[PDB]
C-alpha cells in the first residue's frame, strides 16, 4: 500500500516535508504602499525630520501608484520625495525583475513562449508539405484538391495560442529529462497537453500485428498562464470551431492543437517500434 | 473584554503565502458588562508602603 | 565665448526659515522650516533655491549627530547620525550635537558648553567651503532663555579684492 | 531557518544557595549550598541548572586556593588548590583565599584585607567572561561581624544595546 | 480607539519599567527610545498613525502620557512602542494656579 | 505582510480602489416606455 502518483519515472510514491520556516519574501510581498512608507526610515532624525516623518500618510490612486496624501496643512519636505523613491522602486521591481524571472522557467513563462519554442527547436509534423504518409491520409488541417492534400496555416486566437505553447513547452521540458518509454511516463509527459494514450488491445498482444493506441482527451481546457504574481491561471478552451474561424470546409469540425502536438511527440517517441498504428478520433467537446 | 477590535489577518491580500478563496469577518456579538468597584484599600494595604501601583 | 562670465553651475532645493509658517505654543513663536514652493503664471510650481548658506546651517543645526559610546549603550535605532556618512570622502560626520549637552547646574557652564558645541558644529560651514568666518554670540542666562544669533560671513561671485590673507572659499558660487 | 535563534549551547548543573537547607547553630542560620534535584510528573528526578553566575561565584568563594610559600612549609596534602588547574590553558588559579587572611588587630584593617581578597577573587568572574561589573560593599566592624553584600552585573541573551565602550563579555549565553 | 494591543498589557509594561528602573535613580525620566522603550510590546504598524500630531500635542498639554512606535518600519512589519513625556496628570494647583512642579513624574519621586 | 481588520470592516487597511462600471446601451425594463429607434440590451444582445 502507498498510493502512487505518476512521475518522470513511472508511478513513484510521493510525500511531504515539514514546513521549515525560511523562504525569503518573494515578489508577491512587494507593494508600493508597504515599501513607500518603509523608505521614510532612511532619512536622518532630529527636529527637522521628526514631525514630517510622523505625518507621512499614504494613499492609493486609481492606477496603483501609492502617493502621499496632501491634506490642506502640508509642509513640503524631503519625506515625500522618499515616499516617491520607494514607490518607484516597487514599480521598477514589478516591471523589470518579476518579468525576466517569470520568463526564465518553462513552467511559468507567459510572454516568451514562442522564444522558448525556438529554443526547444520544436517543429510541427502536420504543417510541412513533405509530411510522412503514415501520419494519416489527410490530417485534420489538410483540405483536399485534385493533386493531393493542402495544409492550411491556422492563426489561433492569441489567448489559445499562448496557452497551447505554454503547455507544449512544459511537456517538452519534461520529455527532455530522459523518460523511459513505457505508457505511464509517456502519459505523464504529454499530460500538460490534456491528452492520454490508451491501448486498444486487451489480450496479451505480443503475437499479433498492429499494436495500436488511441488518443483520448482528459479535459476540454488548457490551463492558462497568469502574468500577475497573485491569482490563478485562467483556463481557456483547447479547441476551435471550423465554421467560426472561417476555414475551408474539408477540415474537421473541431480542430485541437494539443492533440496534434501530442500525436507528433508520441509518434516520434515510438518510431523504433516496427508495428504500431495511432487511430485518431474526431472529438467534439 | 471590549478592547480587542483590530485583529491583523493575512487573508485578503497577495502575500506570497495565501489560501486563495478564504475570507474573514469580525463581529463583537455580545459586549462587556459591570466591573468590580473594590474601594477597600485601607483594609488590604494600610501601613504596607508600596512604590508603584499598577491598575489593570 | 565672451558670454562665459556666468557659471553654468546651478543650485538645488534649499531649506528655508519659516517655509511652513510659525507655530504658536504660548511660550513663543517658532519657525518650522521646510521647503518653499514658488508658483508661476500658469500653474507649474517649483521649489525655491535661495539662501544656500542658511540652508546648510539649518541642515546642520536641526539634525542629530552620533551619540558618544557609553557603558549603558543605546537602542539600535536611537544612536543618531546618517548612514550616508559611510560614503563621503571628506572624513567627517553629519549633524550637530547641541541637544546632547550633559546638563548641569550653574547655567553659566551650560551656556559655555552650548557655545562650544554650536561653534564646533557650525565650523563645518567653513570646512565645506561655503562661508569663511561663521561665528555665534550666545549671551544670556535668565531662567532658561538663551539668545544665539549667528553670523554667516559670505563673499560675492566675482573676486573683486586683491591680496587677501586666506584663500577664496571653494564654493563661492553659491554666493554665501 | 527563520526560527533559528536559540543558542544550541546548554547549561550543566549549578550549585545553588540553600539547596541543602539552612543549618541553625544558635549564632544564626547559614545556607549549606549543594545540588538541587527537580522532580517530574512521573518520578524521573533531574538536577537543576538555574542561576549560573551565582553558582560560579559560590564555587569560587567556597574553595580554598593554594597557600603562599612560607619558611616552615605545609603538610603534603594541606596546600590548597585543585590539581585540575595543571591542565587549563588560561594560566590562572582555582578558588579563593579569604580564609587565609593574616588576622591582625584593628578589625578595620582586617575588613580592608578581606575586601581586597574577595575583590581579587571575584574579578575572575569578569575574567572568565560570565559577568561584567562585579563589586562588593563590605561595610562593618562590630565585634567581629561583617556584611559582605555582593553584586554580579549581568546581561541578556540578545544584544539590545548599540555603541558600548566595552564588549559583549564572552559567555553571555548563560544569561549572567 | 484602534490600538492593536490589549491596553493593560502595555500599561503593565510601562509601569514595570518605571518601577524597576528608577529604584535608586529617582530623577531618571522614563522617556525616549532608550530609557523609555517597552521591549515586551510588539505591534504591526498601521496605515494611519493612531493619534494625529494635533491630538498628540493636545494630550501632551493636558497631562497625558503618549506612546508611539519607535522605528518607522512601514505597514505590517512588527515594531515596538516607546513613551514620550513621562509626566503625571497634574496641571493646576490647589488654589487653581497653573503649575509645573509635579508635572514630571520624576519630580514626584524626587519630592519623596 | 499582515493587514488590519476592524470590527465591521473588510481586511486591508482603509482604502477602496473604486469600480467604474460605465454601462452603455440600457437594459430592457418593462415599466419604461420606448420610442422608435431606441435601444435595449437583453440577455447580452442589443435590440
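Residue numbers (PDB author numbering), protein chains in the order written: chain A, 1 to 285; chain B, 169 to 224; chain C, 3 to 178; chain D, 3 to 178; chain E, 281 to 392; chain F, 3 to 49.
Built from N, CA and C at the ideal position, the CB exists for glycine as well.
Quiz prompt | Nearest residue (CA-CA) to residue 174 of chain B, options E:330, E:367, E:339 | solution = Walking along the second chain from the start, residue 174 of chain B turns up at place 6. The shortest CA-to-CA distance from residue 174 of chain B to any of E:330, E:367, E:339 is the one to E:330.
Self-check item: Neighbourhood of residue 141 of chain D by C-beta distance below 7 Å, restricted to the same chain and skipping five residues each side
Solution: Within the fourth chain, the letter at position 139 stands for residue 141 of chain D. Around residue 141 of chain D: 149.
Quiz item: Does any C-beta atom of chain C lie closer than 7 Å to the C-beta of residue 127 of chain D?
Solution: Numbered from its first residue, the fourth chain carries residue 127 of chain D at position 125. No, residue 127 of chain D lies away from the interface with chain C (no Cβ there is under 7 Å from its Cβ).
Practice problem: Have a look at residue 121 of chain C and residue 3 of chain C and give me their C-alpha separation to the nearest angstrom. | Solution: The sequence position of residue 121 of chain C within the third chain is 119, counting from 1. The sequence position of residue 3 of chain C within the third chain is 1, counting from 1. Those two C-alpha atoms are separated by around 44 Å.
Quiz item: Among C:101, C:18, C:176, C:131, which one has its Cα closest to the Cα of residue 92 of chain C?
Solution: Counted from its first residue, the third chain places residue 92 of chain C at position 90. Checked all of C:101, C:18, C:176, C:131; the closest Cα to residue 92 of chain C is C:131.
Quiz item: Under 7 Å, do residue 353 of chain E and residue 362 of chain E count as touching if we go by C-beta distance?
Solution: On the fifth chain, position 73 is the one that residue 353 of chain E refers to. On the fifth chain, position 82 is the one that residue 362 of chain E refers to. No; because the gap between Cβ atoms is not below 7 Å, this pair is not in contact.
Quiz item: Do the region 147–165 of chain D and the region 64–82 of chain C make contact, defined as three or more Cβ pairs closer than 8 Å?
Solution: Contact holds: three or more Cβ-Cβ distances are below 8 Å.
Quiz item: Which word fits residue 303 of chain E, buried or exposed, when buried means at least 16 other C-beta atoms lie within 10 angstroms of its C-beta?
Solution: Position 23 of the fifth chain holds residue 303 of chain E. Exposed: under 16 other Cβ atoms inside 10 Å.
Exercise. Report yes or no: is there a C-beta of chain E within less than 7 Å of the C-beta of residue 173 of chain C?
Key: For the purposes of this step, residue 173 of chain C is taken as the residue at position 171 of the third chain. It does not; no Cβ of chain E falls within 7 Å.
Self-check item: Cβ neighbours of residue 159 of chain D in the same chain (closer than 8 Å, five flanking residues each side left out)
Solution: Here residue 159 of chain D refers to the residue found at position 157 when the fourth chain is read from its first residue. Hits under 8 Å: 9, 174, 175, 177.
Exercise. To the nearest angstrom, report how far apart residue 218 of chain B and residue 297 of chain E are at their CA atoms.
Key: Residue 218 of chain B sits at position 50 when you count from the first residue of the second chain. Residue 297 of chain E sits at position 17 when you count from the first residue of the fifth chain. Going by the C-alpha atoms only, they are around 16 Å apart.
Quiz prompt | Test: residue 77 of chain C CB closer than 7 Å to a CB of chain E | solution = Numbered from 1 along the third chain, position 75 holds the residue referred to as residue 77 of chain C. It does: the Cβ of residue 77 of chain C has a partner Cβ on chain E nearer than 7 Å.
Quiz prompt | residue 81 of chain C at chain D interface by Cβ criterion, 7 Å | solution = Along the third chain, one-based indexing puts residue 81 of chain C at 79. It does: the Cβ of residue 81 of chain C has a partner Cβ on chain D nearer than 7 Å.
Exercise. State yes or no: is the C-beta of residue 76 of chain A within less than 7 Å of the C-beta of residue 63 of chain C?
Key: Locating residue 76 of chain A in the first chain gives position 76, where the first residue counts as 1. Locating residue 63 of chain C in the third chain gives position 61, where the first residue counts as 1. No.
Self-check item: Cβ-based burial, residue 366 of chain E [other Cβ within 10 Å; buried from 16]
Solution: Here residue 366 of chain E refers to the residue found at position 86 of the fifth chain. So residue 366 of chain E counts as buried.
Exercise. Output the distance between the C-alpha atoms of residue 112 of chain D and residue 105 of chain D, rounded to the nearest integer angstrom.
Key: For the purposes of this step, residue 112 of chain D is identified with residue 110 of the fourth chain, where counting begins at 1. For the purposes of this step, residue 105 of chain D is identified with residue 103 of the fourth chain, where counting begins at 1. One C-alpha to the other measures close to 6 Å.
Exercise. For residue 65 of chain C, name the three-state secondary structure that DSSP assigns.
Key: The residue labelled residue 65 of chain C in the question sits at position 63 within the third chain. Residue 65 of chain C falls in the coil class under three-state DSSP.
Exercise. Mind the definition here: the region 31–40 of chain F touches the region 337–350 of chain E only if three or more C-beta pairs lie below 8 Å; say whether that holds.
Key: The region 31–40 of chain F vs the region 337–350 of chain E: no contact.
Self-check item: Alpha carbon of residue 59 of chain D to alpha carbon of residue 300 of chain E, nearest angstrom
Solution: What you label residue 59 of chain D is simply residue 57 of the fourth chain in a count that begins at 1. What you label residue 300 of chain E is simply residue 20 of the fifth chain in a count that begins at 1. Whole-angstrom Cα-Cα distance: 25 Å.
Quiz item: Where does residue 153 of chain A land, buried or exposed, given buried means 16+ other C-beta within 10 angstroms?
Solution: Stepping through the first chain from its first residue, residue 153 of chain A is reached at position 153. Exposed: under 16 other Cβ atoms inside 10 Å.
Exercise. Indicate the three-state DSSP secondary structure (helix, strand or coil) for residue 296 of chain A in the structure shown.
Key: The shown model of chain A, from 1 to 285, leaves out residue 296 of chain A, and the question about it has no answer.
Exercise. Provide the residue(s) that pair with residue 347 of chain E in DSSP beta bridges, ordered along the chain.
Key: Stepping through the fifth chain from its first residue, residue 347 of chain E is reached at position 67. Note: residue 347 of chain E sits in a beta bridge opposite E:363.
Exercise. Note down the Cα distance separating residue 287 of chain A from residue 220 of chain B, rounded to an integer number of angstroms.
Key: Chain A is shown from 1 up to 285; residue 287 of chain A falls before or after that span and cannot be answered.
Exercise. Quick one: measure Cβ to Cβ for residue 66 of chain D and residue 34 of chain D, integer angstroms, because I've assumed they're closer than 8 Å.
Key: Position 64 of the fourth chain, counted from the start, is the residue given in the question as residue 66 of chain D. Position 32 of the fourth chain, counted from the start, is the residue given in the question as residue 34 of chain D. With 8 Å as the limit, residue 66 of chain D and residue 34 of chain D do not qualify as a contact, their Cβ atoms being about 18 Å apart.
Practice problem: In the DSSP assignment, find the unbroken alpha helix (DSSP H) run with residue 19 of chain C in it and report its ends. | Solution: Your numbering for residue 19 of chain C matches position 17 in the third chain. No alpha helix (DSSP H) holds residue 19 of chain C; DSSP gives it neither H nor E.
Quiz item: Using a beta-carbon distance cut-off of less than 9 Å, what residues from the region 56–77 of chain A approach chain D?
Solution: none
Self-check item: Residues bridged to residue 98 of chain C [DSSP beta-bridge criterion]
Solution: As a working note, residue 98 of chain C is residue 96 in the third chain. Answer is C:66.
Exercise. Check the DSSP bridge columns for residue 44 of chain F and list the partner residues they point to.
Key: Residue 44 of chain F sits at position 42 when you count from the first residue of the sixth chain. F:47, per the DSSP bridge assignment.
Quiz item: Is the Cβ of residue 338 of chain E closer than 7 Å to any Cβ of chain I?
Solution: Looking for chain I here will not work: the only protein chains present are A, B, C, D, E and F.
Self-check item: Runs of beta strand (DSSP E) lying entirely within the region 56–86 of chain A, each at least 3 residues, in chain order
Solution: 58–60, 66–68
Quiz item: Under 7 Å between C-beta atoms, does residue 29 of chain A make it to chain B?
Solution: If you number the first chain from 1, residue 29 of chain A lands on position 29. True, the Cβ-Cβ gap to chain B drops below 7 Å.
Quiz item: What first and last residue would you give for the beta strand (DSSP E) that runs through residue 324 of chain E?
Solution: The count along the fifth chain starts at 1 and reaches residue 324 of chain E at position 44. Residue 324 of chain E -> beta strand (DSSP E) spans 323–325.
Quiz item: Per DSSP, residue 177 of chain B forms a beta bridge with which residues?
Solution: To locate residue 177 of chain B, count along the second chain from 1; it is residue 9. By DSSP's assignment, residue 177 of chain B forms a beta bridge with F:5.
Practice problem: Assess, as a yes-or-no matter, whether the region 217–224 of chain A is touched by the region 150–170 of chain A under the definition of 3 or more beta carbon pairs within less than 8 Å. | Solution: The region 150–170 of chain A, when compared against the region 217–224 of chain A, does touch it at the 8 Å Cβ threshold.
Quiz prompt | Check whether residue 13 of chain D and residue 48 of chain D have beta carbons under 7 Å apart | solution = Position 11 of the fourth chain holds residue 13 of chain D. Position 46 of the fourth chain holds residue 48 of chain D. No, the Cβ-Cβ distance between residue 13 of chain D and residue 48 of chain D is not below 7 Å.
Exercise. Find the nearest neighbour of residue 9 of chain A within the set A:174, A:210, A:258, judged by alpha-carbon distance.
Key: Translated into positions along the first chain, residue 9 of chain A becomes position 9. Among A:174, A:210, A:258, the Cα nearest to that of residue 9 of chain A is on A:174.
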